[PDB]
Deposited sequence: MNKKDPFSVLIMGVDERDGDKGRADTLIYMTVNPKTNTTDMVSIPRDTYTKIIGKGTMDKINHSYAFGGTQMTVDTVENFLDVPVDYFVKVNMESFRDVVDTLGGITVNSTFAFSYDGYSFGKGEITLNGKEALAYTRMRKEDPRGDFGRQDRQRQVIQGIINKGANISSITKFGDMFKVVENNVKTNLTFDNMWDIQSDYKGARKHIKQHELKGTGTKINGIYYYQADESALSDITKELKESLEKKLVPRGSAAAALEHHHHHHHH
């Protein structure tokens, strides 16, 4: 079918936000990571705040509305994961795999560079590391995104109806979604990750996006989401 969009939320509250467009025809995937502190209007209320606080005020629906108004593109589907439960969730699946883009050591483990398989405790540690990541909190957000995408990949590669249903029964408390089967299989792990440019200021830390770069990435995502009507 035709291109759609997915908002990945990692919740604690909504400290990880990855907006992504999928074109299943041209096999393409655009993606942009929204930093936790990004200052914007929270839709439904009458306040501008850190975007990650929208979840604490209106739940999922408020967060998706805030992300839509911020990016000026619609989000069709969402995947919300409670990151504090990574362990349980990754243990309930058969463990997951991540594409670790750089090697480090943390909490007794030494994660190498490449496709590596993680159990629950390893995934939690992989995501809790902060100081030794030269990317800062974009890096931590990227590693949490990696674990969430590994969960998605693992859930999407279950062929057995029974194993999927039992898995779901356990996991649905910590993983919410409105995806279809076809779409979840579409977003399984070419790719185009995006850098949301901006500046952080301390008056009490805030982050504010480059208005102009935001306009550019909104144009990019819009064109990626278009339904072409030709003769």
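S.K.: Where does the model skip over parts of the deposited sequence?
M.R.: Coordinates drop out over 1 to 3, 16 to 22, 200 to 206, 221 to 222, 251 to 267.
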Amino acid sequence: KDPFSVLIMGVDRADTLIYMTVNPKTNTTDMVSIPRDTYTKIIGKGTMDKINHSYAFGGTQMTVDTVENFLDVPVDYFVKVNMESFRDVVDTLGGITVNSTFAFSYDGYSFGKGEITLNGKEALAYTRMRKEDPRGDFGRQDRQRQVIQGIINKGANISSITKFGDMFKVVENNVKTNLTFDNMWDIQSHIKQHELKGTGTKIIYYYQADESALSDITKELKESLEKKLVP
From here on, numbers count along this sequence of modelled residues.
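S.K.: 161 to 169 versus 190 to 198: which one carries the higher mean Cα B factor per the record?
M.R.: On average, C-alpha B-factors are higher across 190 to 198.
S.K.: Report the stretch with the higher mean CA temperature factor, choosing between 149 to 157 and 133 to 141 on the basis of the entry.
M.R.: Higher mean C-alpha B-factor: 133 to 141.
S.K.: Determine which member of 175, 179, 32, 43 has the highest CA B-factor, using the values in the deposited entry.
M.R.: In this record, 43 carries the highest C-alpha B-factor of the candidates.
S.K.: Check where residue 183 lands among this chain's C-alpha B-factors and tell me if it's the lowest, middle or highest third.
M.R.: Within its chain, residue 183 is a lowest-third residue by C-alpha B-factor, going by the deposited values.
S.K.: Could you tell me which third, lowest, middle or highest, the C-alpha B-factor of residue 76 occupies within its chain?
M.R.: It belongs to the middle third of the chain when residues are ordered by C-alpha B-factor.
S.K.: Sorting the chain's CA B-factors, does residue 213 end up in the lowest, middle or highest third?
M.R.: For residue 213, whose C-alpha B-factor we compare with every modelled residue in the chain, the answer is the highest third.
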